[PDB]
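Shown next: final.cif, given as mmCIF, C-alpha atoms.
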data_my_file
loop_
_atom_site.label_atom_id
_atom_site.label_comp_id
_atom_site.auth_asym_id
_atom_site.auth_seq_id
_atom_site.Cartn_x
_atom_site.Cartn_y
_atom_site.Cartn_z
CA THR C 1131 27.41 154.14 -4.42
CA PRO C 1132 26.03 154.55 -7.97
CA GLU C 1133 23.84 157.54 -7.10
CA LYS C 1134 27.06 159.44 -6.42
CA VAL C 1135 28.26 159.00 -10.01
CA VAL C 1136 24.78 159.77 -11.33
CA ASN C 1137 24.71 163.06 -9.41
CA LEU C 1138 28.20 163.89 -10.66
CA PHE C 1139 27.15 163.45 -14.29
CA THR C 1140 23.90 165.36 -13.74
CA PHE C 1141 25.74 168.37 -12.32
CA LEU C 1142 28.36 168.21 -15.06
CA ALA C 1143 25.66 168.28 -17.74
CA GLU C 1144 23.69 171.08 -16.09
CA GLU C 1145 26.83 173.23 -16.08
CA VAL C 1146 27.24 172.74 -19.83
CA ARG C 1147 23.59 173.65 -20.34
CA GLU C 1148 24.10 176.85 -18.32
CA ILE C 1149 27.17 177.81 -20.35
CA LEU C 1150 25.57 177.08 -23.73
CA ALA C 1151 22.51 179.11 -22.73
CA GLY C 1152 24.71 182.01 -21.66
CA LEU C 1153 26.51 181.88 -25.00
CA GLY C 1154 23.45 181.88 -27.25
CA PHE C 1155 23.08 178.41 -28.76
CA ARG C 1156 20.51 175.69 -28.12
CA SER C 1157 22.50 172.52 -28.85
CA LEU C 1158 26.03 171.15 -28.79
CA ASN C 1159 25.83 170.40 -32.52
CA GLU C 1160 25.72 174.15 -33.21
CA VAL C 1161 29.06 174.75 -31.46
CA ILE C 1162 31.18 171.78 -32.59
CA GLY C 1163 34.06 172.94 -34.76
CA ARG C 1164 33.24 176.67 -34.46
CA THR C 1165 36.77 177.58 -33.44
CA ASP C 1166 36.28 181.31 -34.06
CA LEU C 1167 34.42 181.56 -30.72
CA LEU C 1168 37.74 181.38 -28.85
CA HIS C 1169 40.28 184.11 -28.09
CA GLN C 1170 43.74 184.03 -26.55
CA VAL C 1171 44.49 186.32 -23.61
CA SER C 1172 47.88 187.00 -22.06
CA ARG C 1173 48.76 186.42 -18.42
CA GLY C 1174 50.09 189.98 -18.16
CA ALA C 1175 53.00 192.25 -18.96
CA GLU C 1176 55.20 190.74 -16.23
CA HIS C 1177 55.62 187.10 -17.34
CA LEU C 1178 56.77 187.64 -20.94
CA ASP C 1179 55.92 184.35 -22.62
CA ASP C 1180 55.39 184.53 -26.38
CA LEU C 1181 52.98 181.59 -26.63
CA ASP C 1182 50.81 181.85 -29.75
CA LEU C 1183 47.97 179.34 -29.82
CA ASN C 1184 46.90 180.40 -33.33
CA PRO C 1185 48.17 177.06 -34.78
CA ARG C 1186 45.15 175.49 -33.06
CA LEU C 1187 42.73 178.36 -33.72
CA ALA C 1188 43.14 178.16 -37.50
CA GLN C 1189 39.82 177.32 -39.15
CA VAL C 1190 39.74 175.02 -42.18
CA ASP C 1191 36.53 175.66 -44.09
CA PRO C 1192 34.64 172.35 -44.52
CA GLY C 1193 32.75 172.97 -47.75
CA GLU C 1194 29.60 170.97 -48.47
CA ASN C 1195 29.64 168.48 -45.60
CA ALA C 1196 28.98 169.38 -41.98
CA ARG C 1197 31.61 169.51 -39.22
CA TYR C 1198 30.70 166.20 -37.55
CA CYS C 1199 29.69 162.61 -38.25
CA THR C 1200 26.59 162.43 -40.46
CA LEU C 1201 26.06 158.71 -41.03
CA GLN C 1202 24.27 156.05 -39.00
CA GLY C 1203 25.63 152.57 -38.45
CA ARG C 1204 29.19 151.38 -38.85
CA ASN C 1205 31.21 151.66 -42.05
CA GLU C 1206 30.57 148.43 -43.91
CA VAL C 1207 33.23 146.06 -45.25
CA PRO C 1208 33.38 143.61 -48.17
CA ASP C 1209 32.11 140.07 -47.78
CA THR C 1210 34.31 136.96 -47.68
CA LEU C 1211 33.63 133.26 -48.29
CA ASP C 1212 31.84 132.94 -44.94
CA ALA C 1213 28.59 134.22 -46.47
CA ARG C 1214 28.31 131.25 -48.83
CA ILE C 1215 28.88 128.90 -45.89
CA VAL C 1216 26.06 130.55 -43.95
CA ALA C 1217 23.87 130.09 -47.02
CA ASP C 1218 24.79 126.39 -47.27
CA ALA C 1219 24.78 125.12 -43.66
CA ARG C 1220 21.25 126.27 -42.90
CA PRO C 1221 20.14 122.88 -41.48
CA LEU C 1222 22.71 123.42 -38.73
CA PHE C 1223 21.05 126.70 -37.71
CA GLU C 1224 17.42 125.57 -38.15
CA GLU C 1225 17.39 121.78 -37.83
CA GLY C 1226 20.35 121.15 -35.50
CA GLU C 1227 22.31 118.57 -37.49
CA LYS C 1228 25.83 117.77 -38.65
CA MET C 1229 27.23 119.12 -41.91
CA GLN C 1230 30.28 118.72 -44.15
CA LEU C 1231 31.39 121.34 -46.68
CA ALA C 1232 34.16 121.58 -49.26
CA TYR C 1233 35.30 124.75 -51.04
CA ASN C 1234 38.37 126.22 -52.73
CA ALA C 1235 40.41 128.70 -50.70
CA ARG C 1236 42.37 131.56 -52.26
CA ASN C 1237 44.81 134.00 -50.69
CA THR C 1238 42.39 136.86 -51.45
CA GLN C 1239 39.89 135.61 -48.84
CA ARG C 1240 40.48 136.81 -45.28
CA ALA C 1241 39.16 135.45 -41.98
CA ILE C 1242 37.59 132.22 -43.22
CA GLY C 1243 35.27 130.83 -40.57
CA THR C 1244 34.76 133.85 -38.29
CA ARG C 1245 31.17 134.80 -39.14
CA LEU C 1246 30.10 131.17 -38.75
CA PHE G 781 30.94 86.02 -64.49
CA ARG G 782 33.29 83.31 -65.74
CA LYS G 783 36.72 83.95 -67.24
CA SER G 784 35.76 82.10 -70.43
CA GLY G 785 32.51 84.04 -70.91
CA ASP G 786 31.65 87.62 -71.80
CA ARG G 787 32.75 90.88 -70.20
CA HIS G 788 30.81 92.68 -67.48
CA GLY G 789 30.53 96.13 -65.96
CA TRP G 790 31.27 95.54 -62.27
CA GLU G 791 34.11 93.08 -61.64
CA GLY G 792 36.81 92.20 -59.18
CA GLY G 793 39.61 94.61 -60.02
CA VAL G 794 37.40 97.68 -60.32
CA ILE G 795 35.37 96.82 -57.21
CA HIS G 796 38.43 96.23 -55.02
CA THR G 797 40.09 99.38 -56.30
CA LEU G 798 36.92 101.43 -55.70
CA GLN G 799 36.53 100.09 -52.16
CA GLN G 800 40.19 100.86 -51.45
CA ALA G 801 39.92 104.40 -52.84
CA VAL G 802 36.78 104.98 -50.77
CA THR G 803 38.13 103.46 -47.54
CA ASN G 804 41.60 105.02 -47.50
CA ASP G 805 40.19 108.38 -48.70
CA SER G 806 42.78 109.23 -51.34
CA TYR G 807 41.98 110.78 -54.71
CA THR G 808 44.75 109.33 -56.90
CA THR G 809 43.37 105.87 -56.10
CA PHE G 810 40.00 107.02 -57.43
CA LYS G 811 41.61 108.33 -60.61
CA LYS G 812 43.26 104.93 -60.98
CA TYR G 813 39.77 103.43 -60.66
CA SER G 814 38.31 105.73 -63.32
CA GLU G 815 41.32 105.09 -65.57
CA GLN G 816 40.74 101.34 -65.33
CA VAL G 817 37.01 101.58 -66.03
CA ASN G 818 37.37 104.06 -68.93
CA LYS G 819 39.70 101.80 -70.94
CA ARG G 820 37.78 98.60 -71.70
CA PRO G 821 36.38 98.02 -75.20
CA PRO G 822 32.97 99.65 -75.73
CA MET G 823 30.12 98.03 -73.81
CA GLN G 824 27.28 100.59 -73.83
CA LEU G 825 25.95 103.30 -76.13
CA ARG G 826 27.69 106.12 -74.24
CA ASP G 827 31.11 104.54 -74.91
CA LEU G 828 31.20 105.48 -78.61
CA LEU G 829 30.55 109.22 -78.21
CA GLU G 830 33.43 111.60 -77.71
CA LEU G 831 33.80 115.05 -76.18
CA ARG G 832 35.26 117.79 -78.38
CA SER G 833 35.31 121.52 -77.63
CA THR G 834 36.63 124.55 -79.52
CA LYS G 835 37.44 126.99 -76.70
CA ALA G 836 40.57 127.26 -74.58
CA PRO G 837 41.00 125.50 -71.22
CA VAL G 838 40.48 127.42 -68.00
CA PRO G 839 42.12 126.72 -64.62
CA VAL G 840 40.71 124.36 -62.03
CA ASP G 841 40.15 127.05 -59.37
CA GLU G 842 37.65 128.94 -61.56
CA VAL G 843 34.92 126.29 -61.96
CA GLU G 844 32.08 125.83 -59.43
CA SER G 845 32.90 124.56 -55.95
CA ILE G 846 32.29 120.95 -54.96
CA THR G 847 29.33 122.07 -52.84
CA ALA G 848 26.95 123.31 -55.55
CA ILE G 849 27.88 120.32 -57.72
CA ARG G 850 27.40 117.72 -54.98
CA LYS G 851 23.96 119.12 -54.31
CA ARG G 852 23.03 117.83 -57.80
CA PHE G 853 23.43 114.15 -56.84
CA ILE G 854 20.75 112.06 -55.14
CA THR G 855 20.40 108.43 -54.08
CA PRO G 856 17.70 106.30 -55.74
CA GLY G 857 15.06 104.43 -53.79
CA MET G 858 15.84 101.14 -52.07
CA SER G 859 13.08 99.64 -49.93
CA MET G 860 13.55 98.52 -46.34
CA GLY G 861 12.19 95.09 -47.24
CA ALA G 862 15.23 94.46 -49.44
CA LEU G 863 17.97 96.38 -47.65
CA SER G 864 18.78 95.99 -44.00
CA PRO G 865 17.77 98.74 -41.55
CA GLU G 866 21.41 99.60 -40.86
CA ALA G 867 22.33 100.18 -44.51
CA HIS G 868 19.15 102.17 -45.16
CA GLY G 869 19.82 104.37 -42.15
CA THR G 870 23.46 104.78 -43.16
CA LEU G 871 22.46 106.01 -46.62
CA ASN G 872 19.86 108.37 -45.17
CA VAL G 873 22.40 109.84 -42.75
CA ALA G 874 25.20 110.18 -45.30
CA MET G 875 23.07 111.89 -47.93
CA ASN G 876 21.69 114.46 -45.47
CA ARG G 877 25.16 115.37 -44.20
CA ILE G 878 26.34 116.94 -47.47
CA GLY G 879 23.06 118.74 -48.19
CA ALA G 880 21.85 116.45 -50.98
CA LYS G 881 18.67 114.37 -51.18
CA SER G 882 18.09 110.73 -50.28
CA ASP G 883 15.20 108.37 -50.99
CA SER G 884 13.15 105.99 -48.88
CA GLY G 885 11.53 104.00 -51.69
CA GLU G 886 8.59 101.70 -51.19
CA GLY G 887 8.00 99.81 -47.96
CA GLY G 888 7.37 102.82 -45.74
CA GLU G 889 9.64 104.24 -43.08
CA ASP G 890 10.12 104.25 -39.30
CA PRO G 891 8.17 107.04 -37.57
CA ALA G 892 10.62 107.10 -34.65
CA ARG G 893 13.31 108.29 -37.09
CA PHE G 894 11.38 111.52 -37.67
CA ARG G 895 13.48 113.68 -35.33
CA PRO G 896 17.15 114.68 -35.68
CA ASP G 897 19.53 112.67 -33.58
#
What would you get if you wrote out this structure as structure tokens?
Amino acid sequence: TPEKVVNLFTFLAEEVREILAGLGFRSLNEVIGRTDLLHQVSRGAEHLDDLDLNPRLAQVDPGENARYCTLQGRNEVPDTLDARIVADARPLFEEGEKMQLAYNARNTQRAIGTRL
Amino acid sequence: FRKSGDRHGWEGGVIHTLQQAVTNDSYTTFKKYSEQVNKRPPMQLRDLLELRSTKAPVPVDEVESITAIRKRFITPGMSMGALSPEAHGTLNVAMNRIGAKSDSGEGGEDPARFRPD
């Protein structure tokens, strides 16, 4: 039943809200990347494992940019021959008629006829 | 035309060779056609002039595509009183397929042809 999954996700999000409130922040963006809020504790003086998790607690300072994605929309790509075709066979898309086109193909043009 | 008379523009060899090049759809035949027609003694004013440039040739793949050049050709007007409906319709359909312009000429046109097939 879908309400089961909805209740699961609601509880799982409320727990994160409780924890973030107990910590002292008001959003998940404020805590992403802040590795220095984590410490390593030992299981005790009777197991004697020398695990050191510091290789994953090392903090690389970002610099000017933030510590997360800060751009909207996908990363754009160059434009192939297809564009010209879309600019030429407009009667097909508005009028609903046959067409016939002739161009010159070069090996530097990838995926000819996919956008159409 | 008579073999004893003068020369003409459109004659048997060139017409047959043009129809063959157009029907079989092969380019070398069309170059044979152009080679035949561009070799007779001068017959019009534009036969005496000569092209002559001073730059260096550039490859064939660099010039405009056939599309933007074909959109510069149109078909003149030919009335429906002279031509038959089938030929007129054939011209109108062929010229719209490549993106160029056609012409209806005098004599009006069929209203029922006003919607795409």
Counting only C-alpha atoms, which residues in chain G sit no more than 8 Å from chain C? For each one, give the nearest pair of atoms and the distance in Å, sorted by chain then residue number, as a tab-separated table.
residue	atom	partner	partner_atom	distance
G:841	CA	C:1234	CA	6.9
G:845	CA	C:1233	CA	5.5
G:846	CA	C:1232	CA	6.0
G:847	CA	C:1232	CA	6.0
G:877	CA	C:1229	CA	4.9
G:878	CA	C:1230	CA	5.5
G:879	CA	C:1229	CA	7.5
G:896	CA	C:1227	CA	6.7
G:897	CA	C:1227	CA	7.6
Inset, instruction - Would you translate the PyMOL selection byres ((chain C and resi 1157-1159) around 12) into the concrete set of residues it matches in this file, as an MDAnalysis selection string? - result: chainID C and resid 1143 1146:1151 1153:1156 1160:1164 1196:1200
Inset, instruction - Quote the spacing between atom CA of residue C:1194 and atom CA of residue C:1169 in Å to one decimal place. - result: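 Separating atom CA of residue C:1194 from atom CA of residue C:1169 is a distance of 26.5 Å.
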Inset, instruction - Apply the PyMOL selection byres ((chain G and resi 785-788) around 12) to the structure shown and report the selected residues as number ranges by chain. - result: G: 781-784, 789-795, 817, 820-824
Exercise on stretch 1186-1202 of chain C, axis-aligned box with 8 Å per side, report centre and edge lengths in Å to one decimal, as JSON:
{"center_x": 34.7, "center_y": 167.2, "center_z": -40.8, "size_x": 36.9, "size_y": 38.3, "size_z": 31.4}
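Atom CA of residue G:856 sits 26.6 Å away from atom CA of residue G:828.
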Inset, instruction - To one decimal in Å, tell me the separation between atom CA of residue G:802 and atom CA of residue G:831. - result: 27.5 Å
Inset, instruction - Considering all atoms listed in the file, return as a list in words whatever protein or nucleic-acid residues lie within 7 Å of residue G:858, sequence-local ones (same chain, fewer than 3 positions apart) excluded. - result: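 Listed by chain and then number, they are residues 863, 884 and 885 of chain G.
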Inset, instruction - Name all residues at most 8 Å from residue C:1165 (count all atoms listed in the file; drop same-chain ones fewer than 2 positions away) and give them as a list in words. - result: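 Neighbouring residues, sequence-local ones excluded: residues 1163, 1167, 1168, 1187, 1188 and 1189 of chain C.
Nearest to residue C:1190 of all the residues C:1166, C:1205, C:1145, C:1171 is C:1166, counting only C-alpha atoms.
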Legend entry - 12 Å contact set for residue C:1241, only C-alpha atoms, chain neighbours under 2 positions out, as a count of residues only: 15
